[PDB]
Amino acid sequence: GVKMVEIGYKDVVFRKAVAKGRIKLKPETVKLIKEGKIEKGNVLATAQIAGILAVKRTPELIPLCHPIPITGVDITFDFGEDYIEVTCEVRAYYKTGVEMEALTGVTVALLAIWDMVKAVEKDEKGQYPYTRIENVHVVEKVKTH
């Protein structure tokens, strides 16, 4: 069995969560993206949109999450030699925090990047030995009155 958590009696307070995660890629891929030479499309813009939409779909995806009146979402990127790090900050004034929403936005944004560069990441055998998503974590969770 499962038991969802009641939140109705809790106070409405400002809540902010920041999550980060990264996708390991071939260095050339990182360059191609950085220069906007990926045929399939605008990698970073696609990932931001996918992540922002994903934040709003968190309650549909995570069984016991509650619908939350999200007031803001920011998704940014950091380039590494062989990776791209995505940061997702979610905010709201509510009765339960937004860390799961932040993690969902980060992960879907990373999945979106992967989908956009699948053609250049796969090897001669069509497999993915260089690509992987890692270090997906919550940097901070703020809850203030």
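Sequential numbering from 1, following the sequence displayed.
The question of which stretch, 27 to 35 or 113 to 121, has the higher mean Cα B factor is settled in favour of 27 to 35. Comparing 76 to 84 with 62 to 70, the higher mean C-alpha B-factor in the PDB entry belongs to 76 to 84.
Looking at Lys95, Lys56, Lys40, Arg91, the one whose CA carries the top B-factor in the deposited record is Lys40. Sort the modelled residues of the chain by CA B factor and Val142 lands in the highest third.
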